[PDB]
Amino acid sequence: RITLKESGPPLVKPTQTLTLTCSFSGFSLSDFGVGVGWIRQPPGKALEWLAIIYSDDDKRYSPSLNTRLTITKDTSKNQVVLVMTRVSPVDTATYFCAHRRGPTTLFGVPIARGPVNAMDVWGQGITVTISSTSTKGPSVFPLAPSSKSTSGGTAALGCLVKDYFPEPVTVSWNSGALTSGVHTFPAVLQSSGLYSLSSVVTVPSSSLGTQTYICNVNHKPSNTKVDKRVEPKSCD
Amino acid sequence: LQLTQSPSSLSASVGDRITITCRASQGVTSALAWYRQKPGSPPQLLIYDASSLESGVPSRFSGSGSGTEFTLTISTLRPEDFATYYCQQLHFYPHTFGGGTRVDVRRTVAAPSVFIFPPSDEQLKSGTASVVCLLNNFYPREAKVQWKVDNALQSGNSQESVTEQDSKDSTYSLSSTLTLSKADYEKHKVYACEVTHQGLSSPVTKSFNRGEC
Amino acid sequence: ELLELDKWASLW
């Protein structure tokens, strides 16, 4: 019965202002002592508390981000807004809004603290990326199999999918016919501001001579499709 | 204020009983919550006010403590419980979350297979050089990868990526990518990836000499 | 540590 939902831009450029909106149902910010907070999660990392606003317009901010943060509410629209000025790439994260209960009240009297000590319902989250780059399809390079990539009768090989923006990219092997032993790694954001990943597969070394291996790379944001055949290393 | 969760990671099996700890640098009375977060989803509240069981939350979850020491307990682990857990204190501003506790599917130790890939001639022509080191199908998740270029430890110019725990064999894989300019790449001979892992009696080095053919 | 107390920190 309580639901929250974040909205905003998925991409903002450095120095710009990010405005996020929380839209909620099943509670009112007129409810005594109710809070709406914001929490973020950088990719691969932990939760970080950002801010909170209450029914009475009391608000608090993270000390480390507090010059850049403003929190507001419109109790009649069931919305809370968070403004974060001068964004930069560190600010890339999934942003959640969340409800905090007010205390237990008896015929309006607060009789118990308990229930306030959590954030009880969260929104789904909105991913926001902060970058100054523009759409760019990747280059696909081969990761060639060789002695230095052999273990018993197994060899590894792959494709390096480099310098693209934005996410995402998909990769298959041999047009879908090869699925076993395949590891497609999550992309990393390089300091250049462009993403990169690699996709690997382990196969039998015996098969390197005969079987053909091709990675199929799709970056839909740039309309780039590449099939890259991967051959055994020459200087091995 | 610091909230410290331990362990950071733990292995476990369905039916197991597990205990996760959260300590606060100073007393936060009972103002402590625990959440479970599955990959791709928001955190979900398990326990509020240190020990109170959130409505709708299975009875296997419980919490204890007051002041500075708090523990979450799952009496009998279910599949849905392989997930990451966080504590949060709400006694002082700013509210603060712990660093998280990853809980994965235990299996027998397995050393990774290590492969090193020189940069392709194709990439080199473009002006850059990526050296890739691959650690395949290992467990547990903790691994250490070290790059050396002609014995020079490389710090700050590599990046790692790790897969999610495999649904079949319960292993992880990890890539470490060393990036250099072409010019820099061609000034040096020996490229070496050193891997430290529990399943390896001692560190494994995989290397090559560039241009050797 | 000169931390501020939560809104409800002083409620029973």
# chains A, B, ... in the order shown; residues from 1 in each chain; ligands from 1
$ interface_residues --of "chain B" --to "chain A" --cutoff "7 Å" --atoms "only C-alpha atoms" --output "compact mmCIF listing (two decimals) with C-alpha atoms, in the first residue's frame"
# COMPACT_ATOMS: atom_id res chain seq x y z
CA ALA B 31 18.14 3.09 16.61
CA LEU B 32 19.45 0.45 14.20
CA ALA B 33 17.88 -1.17 11.13
CA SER B 41 16.46 -4.41 -6.41
CA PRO B 42 16.11 -1.79 -3.66
CA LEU B 45 13.68 -3.74 5.63
CA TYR B 48 13.76 -1.90 12.84
CA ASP B 49 14.67 -0.44 16.23
CA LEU B 90 19.16 6.52 12.88
CA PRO B 94 23.59 11.96 9.26
CA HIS B 95 22.00 8.55 9.34
CA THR B 96 24.70 6.13 8.29
CA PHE B 97 24.79 2.75 6.62
CA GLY B 99 29.56 -1.14 4.44
CA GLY B 100 27.52 -4.22 3.66
CA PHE B 115 45.40 -16.33 -18.67
CA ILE B 116 47.20 -13.24 -19.92
CA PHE B 117 46.37 -11.56 -23.24
CA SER B 120 46.16 -6.90 -30.30
CA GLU B 122 44.76 -3.99 -34.29
CA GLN B 123 44.56 -1.93 -31.07
CA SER B 161 35.61 -6.39 -13.18
CA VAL B 162 34.08 -9.47 -11.50
CA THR B 163 31.10 -11.59 -12.58
CA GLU B 212 58.66 -12.46 -28.93
CA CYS B 213 57.78 -14.58 -31.97
$ select_by_dssp --residues "range 103-162 of chain B" --states "alpha helix (DSSP H)" --output "PyMOL selection string"
chain B and resi 121-125
$ closest_residue --among "B:133, B:193, B:14, B:153" --to "residue 76 in chain B" --atoms "only C-alpha atoms"
B:14
$ closest_atom_pairs --of "chain B" --to "chain C" --cutoff "6 Å" --atoms "only C-alpha atoms" --output "tab-separated table"
residue	atom	partner	partner_atom	distance
B:91	CA	C:6	CA	5.3
B:92	CA	C:5	CA	4.4
B:93	CA	C:4	CA	5.5
$ write_last_selection --atoms "C-alpha atoms" --output "PDB file, in the first residue's frame"
ATOM      1  CA  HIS B  91      20.119   7.862  16.314  1.00  0.00           C
ATOM      2  CA  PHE B  92      22.390  10.660  14.970  1.00  0.00           C
ATOM      3  CA  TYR B  93      22.457  12.716  11.776  1.00  0.00           C
TER       4      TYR B  93
END
$ residues_around --residues "residue 21 in chain B" --least-positions-apart "5" --cutoff "7 Å" --atoms "only C-alpha atoms" --output "list in words"
residues 5, 6, 70, 71 and 72 of chain B
$ write_last_selection --atoms "N, CA, C and O atoms" --output "short mmCIF file (atom, residue, chain, number, x, y, z; two decimals), in the first residue's frame"
data_model
loop_
_atom_site.label_atom_id
_atom_site.label_comp_id
_atom_site.auth_asym_id
_atom_site.auth_seq_id
_atom_site.Cartn_x
_atom_site.Cartn_y
_atom_site.Cartn_z
N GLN B 5 30.48 -3.32 9.73
CA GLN B 5 29.84 -4.59 9.54
C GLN B 5 30.86 -5.67 9.35
O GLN B 5 31.84 -5.46 8.69
N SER B 6 30.62 -6.83 9.91
CA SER B 6 31.53 -7.93 9.75
C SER B 6 30.77 -9.21 9.82
O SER B 6 29.86 -9.32 10.58
N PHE B 70 25.42 -4.88 17.62
CA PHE B 70 24.16 -5.36 17.08
C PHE B 70 24.43 -6.55 16.19
O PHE B 70 25.47 -6.63 15.52
N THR B 71 23.50 -7.48 16.15
CA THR B 71 23.69 -8.65 15.33
C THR B 71 22.38 -8.98 14.65
O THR B 71 21.31 -8.82 15.24
N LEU B 72 22.46 -9.41 13.39
CA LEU B 72 21.31 -9.91 12.66
C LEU B 72 21.48 -11.41 12.60
O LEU B 72 22.60 -11.90 12.46
#
$ residues_around --residues "range 178-180 of chain B" --least-positions-apart "6" --cutoff "6 Å" --atoms "only C-alpha atoms" --output "PyMOL selection string"
chain B and resi 129-131+158
$ write_last_selection --atoms "N, CA and C atoms" --output "mmCIF file, in the first residue's frame"
data_model
loop_
_atom_site.group_PDB
_atom_site.id
_atom_site.type_symbol
_atom_site.label_atom_id
_atom_site.label_comp_id
_atom_site.auth_asym_id
_atom_site.auth_seq_id
_atom_site.Cartn_x
_atom_site.Cartn_y
_atom_site.Cartn_z
ATOM 1 N N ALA B 129 47.214 0.509 -25.810
ATOM 2 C CA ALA B 129 47.511 -0.884 -25.558
ATOM 3 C C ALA B 129 46.840 -1.339 -24.261
ATOM 4 N N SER B 130 45.986 -2.349 -24.373
ATOM 5 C CA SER B 130 45.346 -2.938 -23.208
ATOM 6 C C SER B 130 45.920 -4.322 -22.996
ATOM 7 N N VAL B 131 46.371 -4.603 -21.781
ATOM 8 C CA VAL B 131 46.812 -5.947 -21.449
ATOM 9 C C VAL B 131 45.740 -6.518 -20.545
ATOM 10 N N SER B 158 45.133 0.243 -13.885
ATOM 11 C CA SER B 158 44.452 -1.006 -14.193
ATOM 12 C C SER B 158 43.044 -0.921 -13.619
#
$ residues_around --residues "range 73-90 of chain A" --least-positions-apart "6" --cutoff "9 Å" --atoms "only C-alpha atoms" --output "ChimeraX atom specification"
/A:12-25,27-30,36-38,42,51,53-55,57,65,67,97,129-132,193
$ residues_around --residues "residue 154 in chain B" --least-positions-apart "2" --cutoff "12 Å" --atoms "only C-alpha atoms" --output "ChimeraX atom specification"
/B:145-152,156-159,176-180,191-194
$ write_last_selection --atoms "C-alpha atoms" --output "compact mmCIF listing (two decimals), in the first residue's frame"
# COMPACT_ATOMS: atom_id res chain seq x y z
CA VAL B 145 45.89 -9.27 -8.92
CA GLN B 146 49.19 -7.45 -9.35
CA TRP B 147 50.66 -5.93 -12.50
CA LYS B 148 54.41 -5.64 -13.10
CA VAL B 149 56.06 -4.10 -16.17
CA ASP B 150 59.77 -4.93 -16.29
CA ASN B 151 59.49 -5.42 -12.49
CA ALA B 152 57.79 -2.04 -12.03
CA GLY B 156 46.40 3.18 -10.63
CA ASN B 157 46.38 2.28 -14.33
CA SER B 158 44.45 -1.01 -14.19
CA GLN B 159 40.77 -1.77 -13.62
CA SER B 176 42.09 -7.03 -14.75
CA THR B 177 42.88 -4.65 -17.58
CA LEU B 178 46.16 -2.71 -17.75
CA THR B 179 46.09 0.28 -20.09
CA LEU B 180 49.14 2.02 -21.54
CA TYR B 191 54.38 -7.97 -18.83
CA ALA B 192 53.30 -9.93 -15.81
CA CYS B 193 50.11 -10.57 -13.92
CA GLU B 194 50.50 -12.00 -10.43
$ atom_distance --atom1 "CA of residue 112 in chain B" --atom2 "CA of residue 169 in chain A"
26.4 Å
$ residues_around --residues "residue 127 in chain A" --least-positions-apart "6" --cutoff "9 Å" --atoms "only C-alpha atoms" --output "JSON, numbers by chain"
{"A": [9, 10, 11, 92, 93, 94, 95]}
$ select_by_dssp --residues "range 94-174 of chain B" --states "strand (DSSP E or B)" --output "MDAnalysis selection string"
chainID B and resid 96:97 101:105 110 113:117 128:139 144:149 152:153 158:162 172:174
$ closest_residue --among "A:179, A:105, A:72, A:135" --to "chain C" --atoms "only C-alpha atoms"
A:105
